[PDB]
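So this one's two forms of a single chain, laid out as structure tokens and tagged structure 1 and structure 2.
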Structure 1
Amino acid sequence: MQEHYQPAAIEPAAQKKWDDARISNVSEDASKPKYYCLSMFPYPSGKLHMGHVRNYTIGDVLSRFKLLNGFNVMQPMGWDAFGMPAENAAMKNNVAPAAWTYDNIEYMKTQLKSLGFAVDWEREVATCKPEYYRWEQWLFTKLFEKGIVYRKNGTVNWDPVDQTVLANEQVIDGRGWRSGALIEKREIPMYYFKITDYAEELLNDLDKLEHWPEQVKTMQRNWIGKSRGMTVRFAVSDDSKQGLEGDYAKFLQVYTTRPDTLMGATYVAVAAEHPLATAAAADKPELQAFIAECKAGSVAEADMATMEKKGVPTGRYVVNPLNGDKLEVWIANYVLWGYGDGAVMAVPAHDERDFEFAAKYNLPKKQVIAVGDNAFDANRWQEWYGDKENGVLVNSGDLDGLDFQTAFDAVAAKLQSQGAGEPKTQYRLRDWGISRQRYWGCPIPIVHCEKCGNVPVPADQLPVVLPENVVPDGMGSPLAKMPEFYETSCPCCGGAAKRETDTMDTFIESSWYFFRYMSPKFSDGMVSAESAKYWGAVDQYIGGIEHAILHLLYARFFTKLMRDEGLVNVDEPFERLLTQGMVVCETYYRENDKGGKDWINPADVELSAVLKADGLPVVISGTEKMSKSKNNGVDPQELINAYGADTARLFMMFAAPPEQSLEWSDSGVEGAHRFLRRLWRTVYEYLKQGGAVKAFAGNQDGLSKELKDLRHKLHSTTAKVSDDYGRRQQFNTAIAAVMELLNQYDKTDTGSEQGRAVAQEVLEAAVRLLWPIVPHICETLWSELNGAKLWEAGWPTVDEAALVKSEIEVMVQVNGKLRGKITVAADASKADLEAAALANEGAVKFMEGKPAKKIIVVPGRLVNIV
């Protein structure tokens, strides 16, 4: 054994040993229990940084733990390859997105191999490859013919100067981000998943996920946004019907989640596009101007909660069907057309928004709900005004005194008897818009024929292949300019036709890749039946909280869709979810000649701080999440060249609990490295003093107290680490526990024959307990200690006999006079000592049937019965 730890030498040799043994290349082996551990696959956008590494190290720790416990572990990796990163790199470097992507994949794959993750690379997928995306095209066509996918007009941001559709993220102040031109709202045909048809299933099945973090479930419930409310119709007054047609001339319909407050409605509000709005604005130029301002605004929820709520009165009136009040209709900028009725009732006394709107325009506030003896002031909003759970109705006729639910059901019965309303369930969830006017994405398998319409591509003709010989330049999608792509024949009639040139939302690839990993070379379907039956669902999923809503909801939705197609037999894709904390790092910049800032990478600066290239100073700025945005991503390859993969992995796992943020630290890397040399030094010095022996096992009676204590520490440590990897998933405390075992080891004389056997037992356990964290050094150290294969020796077992301490002899006194002796456990409570002392032979004789006035218990010394 070499004296000094040399990771540059031992880490490649360990990886080759694992690769040759194929321990990470797994089949559907019925002779072993399966374990599927998945980390969220990365965008191949250039280089991974230590943040990504922390994510994948957490997954590798969990995978290697289960591997050591005899599981058949699948831990797959792949590339989430479509999307805007490559399209942007094409506009900057004039290179093809495919070429840029496959280049990044090659570099990133070596980054990962360098870290020694226990990954089944035979299951690698790259989602921009036809052999992958043909199957989401397949599912698209199957759902399109069921109407689950459908085509309909939708709104987009059209930039008239750049001649391109813009995402909302690039529309600032109503204008294009790179053009500054006024953005036009265009209606264009697009494709949608009818995810609203699955809202109830998606919501209710969250209750099955007993091992998900509750905040993620809460975020999904709030996003789906189910409500149980009431449709309510207000009859249009006789004087207010001019210009109104059909049902709009007869009533104004709204939806409310508080029908228990309908007796407190004091006005009604409608969207600018509502037919009552347009009819009252016929002769009113002020309402026309207000309607136009509304249409020229951002309907985004991000802007609307921060939006000043405004309105104008219409001079039209409707009638409350419960109390007969005549309420004026207002046009209001917060009521959105298309979200149900486009009209709402207002109850200022019990809704905070209505209260402020009514305080602005001095509109009436009518209390209809009281909470106990609480004081109600119409000139100040109090949180109890909206309390739905502890109120009763006041000022409500025969509804007075009821709670929320009873009033809700009573209002429903009364409204239904008059034909003026009925219960209704609504969801905030909207259908999922699939179409992207972008090149680097999965083509939509639709052919447009002037005779047949929108026709899906037959399954025998999939994939519709995206051409890779393309360099986009933002002047619109190049697919719409390539007739050798869009010119085709109709699959139904054979006539000339045109391929759809929009591509798919790239969330589609990540909505099912976890099933493709189960059979990534299967060419007859999305996933083979045998492999889906074997692997079931993902046992453990690890990824950032930024994907807790959309990505997870889409993945759950695709799972249910695939189940409904008979492709899988699980309802939910991920059984457990670990959301790792972000790795953060200080940033550095230099003022640009254009007045901007040149963000510099920490690996190219020196520290007052200077750039490592010229010696001129650079500015030290704030510490934030590692990302390419501020160029503060630490490349693991640089850490590995300087210290080794095990150091990188150990620092990430030790610096903080996995869910807590983790600050980059040169000092932390050095501490991790010193511990690895301590571990190496410990085993080297042990083997220098005599060589390897058979580890102690079996009956420890006759071992010295010092060695019994070390075995107690050993098996306590094994129990703790097993619980930290397996239940708590807290790796920093697992490493700290092994450090404590070594500290006790260092303080124990292990030179005797029995001492060397216990030493061997301790070291053989330490190196296996740490193998999930630092497998390279632990693999090498194991092989110097023991001849068996580490993965066949398995996870260390807890010797329960090593955990029992010795019994203690206690004196039994009666009124301070020694009357007997008792033997009790070291863990014996004060009540067990009292029990045992009272039953002592000499005690019961010298008590003379008299009861104990008091019993004094000195733990480990005596019991005095008075």
Structure 2
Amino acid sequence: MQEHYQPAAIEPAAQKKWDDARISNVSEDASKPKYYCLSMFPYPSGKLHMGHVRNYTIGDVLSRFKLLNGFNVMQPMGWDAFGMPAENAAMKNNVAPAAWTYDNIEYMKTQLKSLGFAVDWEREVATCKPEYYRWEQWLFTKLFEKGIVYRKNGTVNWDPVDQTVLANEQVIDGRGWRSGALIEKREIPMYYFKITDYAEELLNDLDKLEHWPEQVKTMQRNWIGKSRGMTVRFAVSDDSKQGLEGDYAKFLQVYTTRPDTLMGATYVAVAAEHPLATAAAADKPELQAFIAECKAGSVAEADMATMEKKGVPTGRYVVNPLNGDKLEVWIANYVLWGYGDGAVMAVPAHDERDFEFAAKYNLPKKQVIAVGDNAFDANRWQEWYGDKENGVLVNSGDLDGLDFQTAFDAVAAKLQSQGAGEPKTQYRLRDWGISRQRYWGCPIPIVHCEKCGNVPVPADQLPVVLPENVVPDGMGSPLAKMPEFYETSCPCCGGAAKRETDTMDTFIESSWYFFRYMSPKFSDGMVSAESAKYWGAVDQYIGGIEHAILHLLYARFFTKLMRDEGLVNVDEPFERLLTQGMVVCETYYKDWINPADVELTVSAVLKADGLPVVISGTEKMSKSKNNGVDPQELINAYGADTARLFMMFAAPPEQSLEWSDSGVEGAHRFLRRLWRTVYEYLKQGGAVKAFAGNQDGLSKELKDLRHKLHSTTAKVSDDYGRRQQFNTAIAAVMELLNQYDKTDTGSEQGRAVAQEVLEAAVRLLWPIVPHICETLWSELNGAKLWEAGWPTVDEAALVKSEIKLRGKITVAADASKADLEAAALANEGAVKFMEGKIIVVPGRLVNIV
């Protein structure tokens, strides 16, 4: 054994031992219980960043822990390789996006192998390869046949200068980004997943996920936005039919989730495109201007709640079918023409938005809900104005006194009798548009034929191959200009036809890749049933909260689609879910300087020029402030184990991790100490059989150390398995070593206990720093570490020794105050001096007066 810790020595050899042993290359082995630990696979955008290293070390700790508990553990990796990164690099460097990701793949793959993650590289996928995306094309056509995917016209943001479609985030103040020209909204045919059909199943199944963090389930429910409310029809007043045609001359229909407050509607509001809006806007020019100002506007959800609510009166009127009030119809910029009806009611007394609107315009407010003896101020919104649970109706005539749900059922009753109303479920969830006017993406398997329409490619012809020898210019979609690509035959009639040229939302790959890992070379379908039956569902998923909504929702949706196709039998893909916290680092600068390029003394200056540089604040490692710390700088300088140890110890996984030079140093020093402990131990005796069995007759000191050992093993087992707090687990192992350091392990029995401590410590840290632990282990013991398995808790080591003057009794050391006092009134010498308060002094006397 060398005296000095050399990570650059032992880390490649350990990996080679693990590789040669093929401990991570696993099959569908019924001779072992399966465990599927999955980390969110990366975009091959170039190199790894500290976020990758944190995410994948967390998954590897969990994987290795289950491995040492004998599970058949699959920890797969692969490349989410479609998207804009490559397309952008293709413009920047005149290289094909394929060639640019593959170069990133083989680099990041050796970068990951370098870190020693216990990963089944035989299960590696790359989503940008035909043998992968052919299967999402296949499912696309299957669902397109059933109408679960359909074609309809949707609006997009067209930049008439950059000449492509822009995302609703890449538009700034109504204009483009790299062009900044006035966006043209254009109606183009597009493909959708009918995810609304699965809304209720996606909502209700969340309850099955007892091991998901509730916030993620909460975020998923709010995005689906189920509501149980009422459709309500308002008779258009006789004087207000001027210009109204058809069923819009008859009634204004709105949706509401507070029909219990229908007696409080003081006006109504219609979208800019509403027939009543435009029928009023004929002879009134200022309404036509308002309608145009609304049309020329963003529709971003974030822009909507942070928007000055604006309305205009119309002079048209409708009648509330409950109390006969005459209510003016306003046009308002918060009403959207597409979400159910194009119009809402407004109850300012019990809806804050309606309250601020009515306070701006001096519109009336009618309190119809009261909450106990709560005073009500018409010029002061308070939280209880919107109480759906602790309210009963007031100023509502024959509806006074009912709670929400009783008044709900009564208003439904009253409205249905008149026919003017019916209950209705609604969801904010829209359908999932998957078409992208982009090159580097899965081609959409549809061929357009003038005779046969939009026909899907037969399963025999799949894949529709994306040509890789392309360098997109950003001035269009190169597929739509490649006749050698889009020109084809019709599969139904054999005549001239053109392929679809849009590609798919790259969320499509990440929506089913966890199943493909079960059989990534299977050629007869998405996933062989043999592997799907064995692996079932992902036992543990690890990723960032940036995917808690859309990616998880799409992954769950694809699971239930794939189930309903009979490809899998699970309903939900991820049982356990762990959200990694982000990694932050200080920034340095008008001109942001990578920290490794900086000499930071109290002060801080450049690394080259040596001139004073500005030490700015601390934030997520990014490119916007050039504070990403390349983990390759970390591995070269301290080894992989120091890197993994630093991030697992710096903070709990869910919490943000602050980069720290002294932190990495400490991690490396602790590994240096762990190395020296074993070396010093073997220098004065060499290996011996670890202590085991009855510990009676061990000295008090060695007994305590065995107590500290097996209590540590229980707490590290708990921190790995249930709490998933790896920082406290590492702390506990440091506490054991500290007590060991203070324990005279010189005797024969002392060396046996010392051997027990060390053999447990290296196995307890192996999930975090396996390179040094694998090395130290084989220097302590000749068996395979993975075959010796996770250390067991010796519960005997946890039982600590037991503790007129009438007599003396023996009680336990962890006894109760009633435990000692109970034996006092049953002692022989006690009853002899008692003849039919009890001052119990723990550790001395228990006198009974």
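Residue positions are counted from 1 along structure 1's sequence. Here the rigid core means the biggest group of C-alpha atoms that line up within 1.5 Å when the two forms are laid on top of each other.
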Core-fitted Cα difference of 2 Å or more between structures 1 and 2, single residue among 532, 128, 538, 618: 618
Rigid core fit then residue 253 CA moved by 2 Å or more between structures 1 and 2: no
Large Cα shift (2 Å or above) at residue 152 between structures 1 and 2, core-fitted: no
Residue 560: Cα shift of 2 Å or greater between structures 1 and 2 (core-aligned): no
Per-residue CA shift, residue 322 (Å; core superposed between structures 1 and 2): 0.7
Shift in Å of the residue 829 Cα between structures 1 and 2 [rigid core superposition]: 1.2
